[PDB]
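Participant: Quick one, structure for this:
(one chain, ligands or ions: 1)
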Amino acid sequence: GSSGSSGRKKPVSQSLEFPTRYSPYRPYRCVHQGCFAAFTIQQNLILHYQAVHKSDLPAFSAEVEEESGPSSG
Ligand SMILES: [Zn+2]
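Facilitator: Numbering: from 1, shown residues only. Below is the structure:
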């Protein structure tokens, strides 16, 4: 006897969402009194402390995963 089979898989078109290749303002700014550095991404900001002051960011919070932020108005 004899027989065959078919198979395939189309790729995925992964696009970007970033608004601008680079942001002018940065919400994250080193607290260290005397450090002119900042990183848009919270992550890229972590290493900065380990690359400059070879340390990790401070602690100003506790085991909490809530928002309860001041909604508009
Ligand atoms: Zn710093």
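
Participant: CA only for contacts and neighbour counts going forward, please
Facilitator: Will do.

Participant: Alongside the ion, which residues does this structure contribute?
Facilitator: Proximity of the chain to the ion is confined to 30, 35 under the rule C-alpha under 5 Å from the ion.

Participant: For the residue nearest the centre of the chain, which residues are in contact?
Facilitator: Taking C-alpha atoms, centre = their mean as the criterion, residue 41 is the residue nearest the geometric centre of the chain, at 4.4 Å. For residue 41, the contacting residues are residue 28, taking C-alpha atoms under 8 Å, 6 or more residues apart in numbering as the criterion.

Participant: can we see that at 6 Å?
Facilitator: Residues in contact with residue 41, defined by C-alpha atoms under 6 Å, 6 or more residues apart in numbering, are absent; none qualify.

Participant: That one and residue 8, how far apart?
Facilitator: Counting by C-alpha to C-alpha, to the nearest Å, the gap from residue 41 to residue 8 is 38 Å.

Participant: Next: residue 27.
Facilitator: For residue 27, the distance to residue 8 - C-alpha to C-alpha - is 46 Å.

Participant: Same drill for those two, tell me which one is more crowded.
Facilitator: A side-by-side neighbour count of residue 27 and residue 8, using other C-alpha atoms under 10 Å, places residue 27 first with 9 against 5.

Participant: How is residue 47 assigned, secondary-structure-wise?
Facilitator: Secondary structure state of residue 47, per DSSP: H, G, I helix; E, B strand; the rest coil, is helix.

Participant: Apart from its neighbours in sequence, what residue is nearest it?
Facilitator: Once its chain neighbours are removed from consideration, residue 47 has its nearest residue in residue 56; the separation is 7.8 Å (C-alpha to C-alpha, 6 or more residues apart in numbering).
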